[PDB]
Amino acid sequence: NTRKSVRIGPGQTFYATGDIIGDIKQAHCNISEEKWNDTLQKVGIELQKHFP
Amino acid sequence: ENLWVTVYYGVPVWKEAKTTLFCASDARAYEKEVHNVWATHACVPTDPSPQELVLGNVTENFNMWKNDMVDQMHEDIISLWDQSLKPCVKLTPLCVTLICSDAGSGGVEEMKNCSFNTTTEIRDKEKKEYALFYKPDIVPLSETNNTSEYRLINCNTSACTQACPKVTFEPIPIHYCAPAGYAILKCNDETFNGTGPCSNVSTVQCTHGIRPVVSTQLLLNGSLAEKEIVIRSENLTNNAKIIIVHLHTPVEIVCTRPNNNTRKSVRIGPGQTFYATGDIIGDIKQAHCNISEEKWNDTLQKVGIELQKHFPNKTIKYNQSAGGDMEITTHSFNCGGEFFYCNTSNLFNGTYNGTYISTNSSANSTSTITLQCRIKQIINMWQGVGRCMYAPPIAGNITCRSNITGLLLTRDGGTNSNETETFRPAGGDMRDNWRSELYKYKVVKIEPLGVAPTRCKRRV
Amino acid sequence: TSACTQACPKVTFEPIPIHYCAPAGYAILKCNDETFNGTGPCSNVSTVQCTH
Amino acid sequence: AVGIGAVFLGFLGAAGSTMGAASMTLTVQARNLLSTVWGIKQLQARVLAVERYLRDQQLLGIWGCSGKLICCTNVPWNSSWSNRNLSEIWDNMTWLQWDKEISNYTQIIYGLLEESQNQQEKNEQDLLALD
Amino acid sequence: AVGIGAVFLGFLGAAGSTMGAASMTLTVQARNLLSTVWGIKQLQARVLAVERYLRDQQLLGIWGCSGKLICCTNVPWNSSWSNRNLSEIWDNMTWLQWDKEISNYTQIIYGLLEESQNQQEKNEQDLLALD
Amino acid sequence: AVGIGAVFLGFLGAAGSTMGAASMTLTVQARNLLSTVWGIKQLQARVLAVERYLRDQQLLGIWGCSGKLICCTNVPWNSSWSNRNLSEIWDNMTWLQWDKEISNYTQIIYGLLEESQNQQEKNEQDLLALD
């Protein structure tokens, strides 16, 4: 929800979190499976040069 | 018979440039203590022989409204005002509620009493104190119709910083020298309207005495014109450009005050002390500014006959400013250390119709014009600097024996088929003041190299 | 009257000796008369770049 | 026209006279190229003056004109830069109009002078190595 | 190194060539040697750049070799510093490894140049006093 | 004067002596001028040092005798500045009281030297363009 303006002192207001409207879900990040898998495979085949 | 390139070093040519300029002040302001106004600790002492040279065939193109010196002076004065308020008392603990009543049994009616609860030097204990605050500095802090709870106007936007009562706001004149390799030209023409060619360009290594006064209307102490009224403006077609009038003869102005008792020392925190107004011994009278009547009348008539050149068959009228807060529509200035905000409804109440009216009376000079002034203490001049300076009060009566040199009019938006164009006063930013003063000068860059062909072939 | 700033317990007040040196283009005149009372002419004037 | 009376011209004093009387006045105009919020505006100006004077002195000293004022080079003057007479240039103008008509054609001139200076130094080294 | 035309490369763009062909690329490439707390750091950088340039100019001016780029003197070159042929030096060698091979024997050369200039100035004063 | 030999001090050791031992000492004197709250003074000393050195070299370079340490010039010596004999000047006094006697007329002498140098270079350009 909107930052809630809480005024403290002369003109030194700070903005804290107000409510949460709607349902509450979880923050997350999304990476594809195939691209990450063959990227790690390519990192493996270029790290295989330094280790016999 | 052939031509060869020949290099000359010391060629007098110019390009336009922007640079950083000096400060030069007179030697009498250095013999006192440190931190008097701004110039004791900073500016170089100028030599008492300014060398001015007149150039023979030189014609140059000046531009008053396209200048870097005005912007540089504005930035320097903003930085100086922000620097001078750094080691001063920050009155944060004065945000408490003020219990205010009337000043007495039919007493002042302009200054409230406003006794408050303050912090002493020991943060465990508190002591009851009092002052006398002005009416424009107090707002009625109340969620209901309560006439006893008040607060200051400054504890709502951003703090304060009380001005240190050992520096003075006296406008000492400052010169602007140019760096080495740079020159400052100066147009000595008489009919110079601000923009256009000049036929008498001169050489000045460091400009004349510029007094940095602060005023909204009615430009105070400064350089006059030379032979007639000169009117400076940018376009004279749109009604958003501040037309500047440069007077030829000054008109005397004097302003006064009643007698405060003393500044009251109230201690807050570990060693900080803000000074506030104590009693007002004697009677309670008004602060007013006095202008002579006949001199203002024929000065305004001469401005009319010089402004009728640009408008051929139209009458000239004047009225008040176009509404708003007291910091814009009133003639405001600062001398004696106490700020004034004076009404100007009697000065600009008149008209001109193209027919001259003589004033052949020398014994009628007793008649004059009085202006009802108001005095503030919390000061909000310049936006973006921390404009909450608290001006401390001063003990005795004050007098303002001053001098006027200009006006800042503004044309009103005319209606259809009108012949009664009215001119209203207007204030605005300080670039109008410092461009009315710095209209002559222009900074250039010297390029000494230069090639030219001749018959000189270098011997091998 | 004022407010203290407590001296932070890592600096020392030991008087380390310093030499005052003139810039390049200036010289410091030093008088080597043993009976010099402070004011008056000297006779064994020596020129040194920096003080003792 | 060496007699000006009081010799105080200050970068500008002969900026209106003709070029014949403006080549006699180079010394008084070349003499003056060197000589807290306001404690730093004084100190930046000295540094920029020293920078500009050093740049001008280096650029003069690249193509052989070490300390001379009226110095002469052996770069042939192209006719596609002026297309005017010699006496018309030296009599009917001052330096300001010439700077206005030369300002597009300066970098080619500077490159030609520096190339001719390199050729002169190489030929001088070869001539001194001949002996 | 003369058909470049548009010279904007500095000393950066000509190294690695032979020093016979790298001695004609000096003029604009040496013209490129000059062109709160951040302001003090920048102004210190400007001051040290000016001081370095004037130290180089003073070093050229001490041993009578100022105002010239290719500037050759009469100090006898000791064979122990190089011990190699001139044709190899000026045809099959660059400036970088010459600087690597000469950096241990610079102060003796500088002192010899200063002494030779002092002797030449004494001879010049003697020739002035003779006439 | 010149027979000191081991000269690492320099400075102003010939002060208070005869001009005959103070004019021929310049061949061996040479020059040694450029031989937080304490970081703002290093900068100011460095700027005033480089400004003084550049001012001295510019004043030596306007009247066209750069890097010579003795300049014979053909400005005629007016009798109103000395009114006296040459031999007692060169064999009786020191430089300090001579500076005290001559400091009222330094600017006129400097202007005469600048005018004579400009006349010399204009005559040199004319004579070298006759051919």
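Per-chain numbering from 1; labels A, B, C, D, E and F assigned in written order.
Definition applied: a residue touches a chain if its C-beta (ideal position, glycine included) is under 8 Å from a C-beta of that chain, and two chains touch if they have at least 3 such contacts.
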Tally the contacting C-beta pairs at the C-F interface and at the B-C interface, and name the larger one. C-F
From the C-alpha centres, identify the chain that is farthest from chain A. F
Chain B and chain E have mean C-alpha positions lying a whole-number Å distance apart equal to 58
Roughly how far is chain A from chain E, going centre to centre by Cα mean, in whole Å? 58
Distance from the CA centroid of chain D to that of chain F, rounded to the nearest Å? 26
What whole-Å value do you get for the distance between chain A and chain B if each is reduced to the mean of its CA atoms? 54
Where chain D touches two or more other chains at once, the residues are 23, 25-27, 30, 33-35, 43-44, 46-47, 50, 53-54, 59, 63, 66-70, 72
Could you list the positions in chain B whose residues touch two or more of the other chains? 6, 454-458
For each chain, which other chains does it touch, given as pairs? A-B, B-C, B-D, B-F, C-F, D-E, D-F, E-F
Complex contact set, residues of chain C against chain F: 23-25, 27, 47
Listed in rising order, the residues of chain E that touch chain F in the complex are 40, 43-44, 47, 50-51, 54, 58, 61, 64, 66, 118, 121-122, 125
Chain B to chain F touching residues, read off their complex: 6, 454-459
Going by the contact rule set out above, which residues of chain D touch chain B in the complex? 8-17, 19, 22-23, 25-27, 29-30, 32-39, 41-42, 44-46, 48-49, 52-53, 56, 59-60, 63, 65, 68-77, 79, 82, 86, 89-90, 94-96, 98-99, 102, 106, 109, 112-113, 120, 123
State the interface residues of chain B toward chain C in the complex, per the touch definition above. 269-271
